[PDB]
Structure formats: structure tokens, C-alpha cells
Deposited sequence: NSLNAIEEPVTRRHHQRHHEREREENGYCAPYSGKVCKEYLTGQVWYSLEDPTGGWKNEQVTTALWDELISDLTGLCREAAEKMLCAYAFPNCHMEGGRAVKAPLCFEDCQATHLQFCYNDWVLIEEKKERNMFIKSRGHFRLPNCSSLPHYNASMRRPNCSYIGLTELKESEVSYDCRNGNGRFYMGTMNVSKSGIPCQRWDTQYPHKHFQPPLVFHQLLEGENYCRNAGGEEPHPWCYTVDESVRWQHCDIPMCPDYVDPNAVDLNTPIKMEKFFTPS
């Protein structure tokens, strides 16, 4: 229709509400070919983010505002998480190939989004096709210990394993940084606390106040009851 359930196959597992209509087959074709060429070449947290982002890009959520059907673009925070953290390495490698006129063969009209041009999430009806990449997994959050690599460690440990004070995430001195982006919920009020918001390190970590130690893991005990 204008707003209707997703009628395709490739994104069946990722799309749960109404999506925008009016074409729809062209986006199914392209997404299917990209699943084979691009998605299947990705791994780990990048792959997880990319699948959700690709489906939300290709089949935007739809909602009614009075009599008008509204297409919801991607969210700034999800895009930031994907571009600057989860998929940064793969994203840079694609962009560098594009500079040499080497393109993903199956991209069709699809293009990597510019995160800065997208709405910031939140509002009973969302302004974007929110996927939640920056959110905490509540059951895995911990405070006095870490579950596994501590991706969702939210404690107040504020020195590295050798005792160096952490630099604040919201400051660019002594170490300048663009990743992890501060849209991750671990970092919104991250103070100078050890964090593993990207989930790629084996331990929570921080940039340190020592000019000669850009970043270092913190030393946090495993949670007694973590398996």
C-alpha cells in the first residue's frame, strides 16, 4: 500500500512492523544481491549491524501521521555506531575502493549513508527506522565485575590495569579520538570510566591521561556467576 507489512524474503527476519511502499521489487533484488556480495563477506558485530542497517535502509519503516504515510530514514545513532565503530574497517575499505572506481557490483542505486544527514532518534511515532545498535543489553549489564569482555560493563572503574587515570570520553586531550562514538549508551554518561562499547576488545578499556599510553585495558574481575 503506502504502509504495509513487508512482503519479501531477504529481510523477513529483520523487519517486524509496517514498511514503506511506493519499485519494492527493485529493492528486494538489490538487497538480495548485496546479501550475497557484501553481507556474506562481513563477520561478527559488523555483520550483525550491517544486516539490520541494510534491511532498514532498503525497507524503511512506515507510519501514519493523520492521513499521510511517512517514510522513516535511518537513525543518526545507528548509522554512527555502524560507520564509526562496528563496521569502520569494512566501511573505510569500501570507500577507498570507490575512490578508485571499484564499486560493489550489486549495489544498484544503494549508497553508504552520510550519518550526519540523518535524524537523531526521538515521540510516540519515530522520526527514523530505529534499530537500537547503541543500546545496552540489560541482562548483560554489570557494575562491579565484567561479563566476558565487558561490552556492557557500566561500572565506575576509572584507571587502567597499570593504574593510569582514564581520560574522559568527552574530552580530546591528551588523546584525540573519533571512535568509539559517544552515541553508545555505555558512553552517554561514561565520565572517565572503563568501557568496551565497541565489544571488540577482550576487556573494558579507556584512553589514558598518560601522553605516552594512548589506550589501555582496565583490570576488572569476572562476575562470579558469568558463564
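Against the full deposited sequence, the model leaves out several stretches, namely 1-26, 49-53, 154-155, 261-280.
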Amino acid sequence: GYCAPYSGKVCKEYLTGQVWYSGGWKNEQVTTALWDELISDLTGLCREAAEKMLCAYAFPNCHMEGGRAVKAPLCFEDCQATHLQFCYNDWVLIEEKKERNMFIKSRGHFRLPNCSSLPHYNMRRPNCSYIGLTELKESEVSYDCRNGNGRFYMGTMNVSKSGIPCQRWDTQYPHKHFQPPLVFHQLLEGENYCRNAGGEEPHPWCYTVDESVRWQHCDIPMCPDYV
From here on, numbers count along this sequence of modelled residues.
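Taking only CA atoms, the mean B-factor in the PDB entry is higher for 63-71 than for the other of 33-41 and 63-71. With 46-54 and 23-31 compared on mean CA B-factor from the PDB entry, the stretch scoring higher is 23-31. The PDB entry gives the largest Cα B-factor of the residues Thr82, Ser106, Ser142, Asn149 to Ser106.
Highest C-alpha temperature factor among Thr156, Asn89, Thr134, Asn127, as the PDB entry reports it: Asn127. Among all modelled residues in this chain, the alpha-carbon of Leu15 has a temperature factor (C-alpha) in the highest third.
For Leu118, the recorded CA temperature factor ranks within the highest third of the chain's modelled residues. Among all modelled residues in this chain, the alpha-carbon of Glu99 has a temperature factor (C-alpha) in the highest third.
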